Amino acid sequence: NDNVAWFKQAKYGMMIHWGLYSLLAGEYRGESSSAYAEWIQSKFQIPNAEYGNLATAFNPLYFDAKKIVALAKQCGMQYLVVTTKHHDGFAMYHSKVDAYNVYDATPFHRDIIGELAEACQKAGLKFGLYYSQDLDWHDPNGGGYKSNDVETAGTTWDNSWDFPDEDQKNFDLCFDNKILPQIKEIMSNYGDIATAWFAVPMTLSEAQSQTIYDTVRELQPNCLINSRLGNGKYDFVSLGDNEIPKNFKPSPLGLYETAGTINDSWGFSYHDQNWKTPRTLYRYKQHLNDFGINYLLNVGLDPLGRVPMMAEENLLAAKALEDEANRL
């Protein structure tokens, strides 16, 4: 598995959060999301009927996988990691199992993950996938209904508004009929997958976690799995901000990654213009890299499928700083 050597020297990856949440852009009926605009459905308890209707308005005329991959490559990013399905349960690929997806439900009627997979394959960039294996707000038995004594970036971890009957919920039904089928689809279509990125599990049993692990192993032997799946079921450690060294979980292969966003939201938010400066981005990358940690830097695409102007500017200027610094 050359992927271990490659990942230890990759240093830099682009992450992409994009979905129906992007159309609301951090705002609902005159009121603000939390820092996390992608959590807006939970934040305002938007019924599935209304939220899902955003699919009818999803027509990102300027989306261009080739150009997004070109930007990542120009910044020295060696891989890319996209939301296949976030907490809202809306798939960004053509899902045989669930018609609640970007291909079937939207006038755009295209496979975002497929286009990025191809663009990456052509450019020489590795391709990785993010799936919300626990939380799913579209599913009556979506996870997080046992976790609501801890506050969130929305209201509840689960969809507790369309599905109020907590005691009647049963994650097994959602796992068996949606999660595992969808994981099999994304790990089967879309070619070689370098990296698999799972959410923080809360509802999943040890059994259900082992299943996902074995499934990925079988379908994508050379895929590196992040630590957020389950203990002993990963190839690299995802470090939270509170876990970076100054200037735990064992790492058997010596592989590490911290994910960040350029402003304070993962999803696009009109109101969030708090973009980290080129120098902040470059310095943070250099500090992680010096500690043998990969920087996975999020872009939140806008409703027309564009990298925000200020995100693009700050990525390119951080690269100019880095290249200047690395001569001498």
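The first residue of the shown sequence is 1; numbering continues from there.
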According to the PDB record, deposited residues with no modelled atoms between residue 242 and residue 243 number none
What stretch has the higher average Cα B-factor here, 218-226 or 165-173? 165-173
Comparing 80-88 with 139-147, the higher average Cα temperature factor in the PDB entry belongs to 139-147
Relative to the other modelled residues in the chain, which third contains the C-alpha temperature factor of residue 72: lowest, middle or highest? lowest
Residue 114: which third of its chain by C-alpha temperature factor? middle
Split into thirds by Cα B-factor across the chain's modelled residues, where does residue 128 land: lowest, middle or highest? lowest
